[PDB]
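Keep in mind that the numbers below use all heavy atoms, side chains included, and drop hydrogens, waters and symmetry copies. One-based numbering along the sequence shown.
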Amino acid sequence: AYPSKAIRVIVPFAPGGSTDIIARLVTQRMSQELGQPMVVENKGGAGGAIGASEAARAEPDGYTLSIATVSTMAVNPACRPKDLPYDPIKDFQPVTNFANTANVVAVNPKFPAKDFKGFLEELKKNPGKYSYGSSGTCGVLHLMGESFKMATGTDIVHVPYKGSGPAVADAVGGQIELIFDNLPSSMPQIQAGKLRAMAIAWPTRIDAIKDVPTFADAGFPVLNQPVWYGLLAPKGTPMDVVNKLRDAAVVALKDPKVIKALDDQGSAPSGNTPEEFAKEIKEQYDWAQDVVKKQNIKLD
Ligand SMILES: N[C@@H](CCC(=O)O)C(=O)O
């Protein structure tokens with residue numbers, strides 16, 4: 001009876017990004033429930049395409065799973081419409097959305113602005129001179145940066161990384177002045193004062209960082225789109241497996257230490273149904289097609 005051995009969990013991004021952070025937090029606690037190890041494998045590269053394509057080829061037995069991200073479910077498909085080696089919707093069985101997650105635009109603290117208003121002013125006075133990091137060329141944070149540029153009338157230079165892990169460290173080091181990130185990986189640095197957050201993408205301000213406005217507060221509600229992290233199995237994985245995993249996710253997401261960690265990092269638990277997640281996946285997918293194809297926001 002499932003599970004009788006270790007479950008591989010593929011994270012399609014480098015260590016120390018939000019995918020990796022949330023993946024390890026939630027599967028650690030799921031594992032305790034399932035009575036089998038869940039072993040995280042980081043497979044970063046190409047905005048999540050490398051790792052997602054690999055997860056898509058796995059046998060549908062439930063022992064090779066992967067972390068859904070907006071990069072892998074929505075933006076990569078839209079960025080590489082002819083040659084992406086997986087269909088996000090047809091090649092995966094959704095299990096559950098772990099968490100809804102805030103995005104953030106942050107700066108190195110030497111950046112000469114203290115708020116979003118002066119942030120825009122500074123960028124407008126220097127078109128083409130500042131650069132920003134992302135988690136990859138066909139990922140949600142590259143699309144975030146490009147969306148920002150279009151909506152605010154700014155010109156800032158994209159520098160992709162193998163995930164936000166290495167991006168956060170370059171932004172903290174000053175090798176890039178700006179970073180577009182999912183909040184959890186930037187959260188420790190912001191708390192420590194090593195980055196300054198300009199805006200978050202979230203329905204409201206977040207208690208961890210109460211003084212950072214949302215993009216809607218900043219006067220750019222089109223930019224106020226969060227992301228999410230969830231669990232995927234290959235298409236054809238039995239419902240027995242899906243419901244077992246989802247149940248363990250639901251238990252894990254009620255754990256008060258997991259609730260706190262999610263809260264503190266800039267996320268909120270979901271633990272919704274496979275179908276509710278599939279609907280979220282389709283929403284993001286459709287939105288990325290809209291944004292990239294209509295609206296003329298170029299990724300490559
Ligand atoms: N950009 C990824 C996460 C990046 C990372 O985990 O390093 C996303 O779609 O959520």
Filter on ring-ring contact (aromatic ring centres under 6.0 Å, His included), then keep only pairs touching [range], sequence neighbours left out; what's left?
range	value
residues 249-271	none
residues 156-197	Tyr132-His158, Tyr132-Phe180, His142-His158, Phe148-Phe180
residues 204-237	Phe116-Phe215, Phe116-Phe220, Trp228-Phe277

Checking [X] now: which residues fulfil side-chain contact (heavy atoms from CB on, under 4.5 Å) with it, not counting sequence neighbours?
X	answer
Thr273	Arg246, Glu275, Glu276
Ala58	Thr64, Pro234
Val222	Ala151

Side-chain polar contacts of residues 287-294 - donor-acceptor pairs under 3.5 angstrom, sequence neighbours left out - could you list them?
| unit_1 | atom_1 | unit_2 | atom_2 | d |
| --- | --- | --- | --- | --- |
| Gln289 | OE1 | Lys293 | NZ | 2.9 |
| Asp290 | OD2 | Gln295 | NE2 | 2.9 |

- Message: Side chains of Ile67 and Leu231, heavy atoms from C-beta outward: is any pair under 4.5 Å?
- Response: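 They are in contact (side-chain heavy atoms under 4.5 Å apart), so the answer is yes.
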- Item | Heavy-atom side-chain contact between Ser71 and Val140 under 4.5 Å |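 In short, these two side chains touch, coming nearer than 4.5 Å.
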Cluster check [X], [Y]: I/L/V/M/F/W/Y, side chain < 4.5 angstrom:
X	Y	result
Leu223	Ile179	no
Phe111	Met144	yes
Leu299	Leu141	yes

- Note on the structure: Closest heavy-atom pair, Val172 versus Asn108, reported as atoms and distance to 0.1 Å, is O-ND2, 3.3 Å
- Evaluate side-chain hydrogen bond (donor to acceptor under 3.5 Å, both in side chains) for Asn272 paired with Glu280, printing each intermediate quantity in order. CA-CA 10 Å; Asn272 64 358; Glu280 292 169 332; 2.8 Å; yes
- When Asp255 is tested against each of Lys260, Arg29, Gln28 for side-chain hydrogen bond (donor to acceptor under 3.5 Å, both in side chains), which residue passes?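 By the side-chain hydrogen bond (donor to acceptor under 3.5 Å, both in side chains) criterion, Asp255 pairs with just one of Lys260, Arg29, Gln28: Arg29.
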- Counterpart residues, side chain to side chain donor-acceptor pair (under 3.5 Å), relative to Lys298 (two or more places apart):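 With neighbours one apart ignored, the set is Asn296.
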- For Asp87, enumerate each residue passing the side chain to side chain donor-acceptor pair (under 3.5 Å) test, keeping only those at least two apart in sequence or located in another chain.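 Per chain and number, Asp87 pairs via side chain to side chain donor-acceptor pair (under 3.5 Å) with no residue.
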- Task: Sequence neighbours left out, what pairs pass disulfide bond (SG atoms under 2.5 Å apart) with at least one residue falling in residues 29-109?
- Result: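 Residue pairs with at least one partner in residues 29-109: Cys79-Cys138.
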- Message: Rounded to the nearest 0.5 Å, what separates atom OG1 in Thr214 from atom CD1 in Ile200?
- Response: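 Interatomic distance, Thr214 OG1 to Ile200 CD1, rounded to 0.5 Å: 6.5 Å.
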Without placing hydrogens or testing angles, list every side-chain donor-acceptor pair under 3.5 Å for residues 201-208, not counting sequence neighbours.
| unit_1 | atom_1 | unit_2 | atom_2 | d |
| --- | --- | --- | --- | --- |
| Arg205 | NH1 | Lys210 | O | 3.1 |
| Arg205 | NH1 | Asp211 | O | 3.2 |
| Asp207 | OD1 | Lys210 | NZ | 3.4 |

Quiz: residues 35-45 side-chain donor-acceptor pairs under 3.5 angstrom, not counting sequence neighbours:
| unit_1 | atom_1 | unit_2 | atom_2 | d |
| --- | --- | --- | --- | --- |
| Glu41 | OE1 | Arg8 | NH2 | 3.1 |
| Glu41 | OE1 | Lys43 | NZ | 2.5 |
| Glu41 | OE2 | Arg8 | NE | 2.8 |
| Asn42 | OD1 | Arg24 | NH2 | 2.8 |
| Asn42 | ND2 | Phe13 | O | 3.1 |
| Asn42 | ND2 | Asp20 | OD1 | 2.9 |
| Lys43 | NZ | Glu54 | OE2 | 3.1 |

- Message: As a test of understanding, state which of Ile21, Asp181, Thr19 forms a side-chain contact (heavy atoms from CB on, under 4.5 Å) with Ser164.
- Response: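 Exactly one option meets the side-chain contact (heavy atoms from CB on, under 4.5 Å) with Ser164, and it is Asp181.
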- Message: Please check this pair: side chain of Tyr2 against backbone of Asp61, looking for a donor-acceptor N/O pair closer than 3.5 Å.
- Response: no
- Message: Does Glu146 form a salt bridge (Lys or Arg N to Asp or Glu O under 4.0 Å) with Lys149? I'd like the steps, not just the answer.
- Response: CA-CA 5 Å; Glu146 286 313 300; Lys149 285 167 62 174; 3.1 Å; yes
- Message: Other residues, nucleotides and ligands only: do more than 12 of their heavy atoms fall within 6.0 Å of NZ on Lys254?
- Response: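 Not more than 12 within 6.0 Å, no.
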- Message: Please determine whether the number of non-hydrogen atoms from other residues, nucleotides or ligands lying under 6.0 Å from atom NZ of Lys194 exceeds 12.
- Response: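 Counting neighbours around NZ of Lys194, 12 or fewer heavy atoms of other residues, nucleotides or ligands fall under 6.0 Å, so no.
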